[PDB]
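Single chain ahead, written as structure tokens, the form deposited in one PDB entry.
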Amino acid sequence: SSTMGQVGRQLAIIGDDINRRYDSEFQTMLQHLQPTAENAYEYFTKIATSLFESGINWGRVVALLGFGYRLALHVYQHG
């Protein structure tokens, strides 16, 4: 009924679109890095630094968070 439920379902469309666009693209970059528990932190901070030197918006931040989630999940499963 209320707007909250309509907005919540609209965000599912946004969230699934982001998830479907870039989840396989995050995994491709992890295959190239092959990060491990010993170097996941250094990889992520220099990836983050290289991202923010060219600008910062909320889209860049959420992209980095998504990649950091996949990277950590990758390390946990392949490390």
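In case it trips you up, residue 1 is the first one in the sequence shown, and so on. Superpose the two forms; the largest set of C-alphas matching within 1.5 Å is the rigid core.
Separately, the form deposited in another entry exists; it is not shown, and the next lines address it.
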Worksheet entry | Core superposition between the shown form and the other one, C-alpha change of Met29 at least 2 Å | yes
Worksheet item: Which way does the C-alpha gap of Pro35 and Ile47 go in the other form, closer or farther, given it changes by 3 angstroms or more?
Response: farther
Worksheet entry | Sense of CA distance change between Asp23 and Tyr43 in the other form, threshold 3 Å | farther
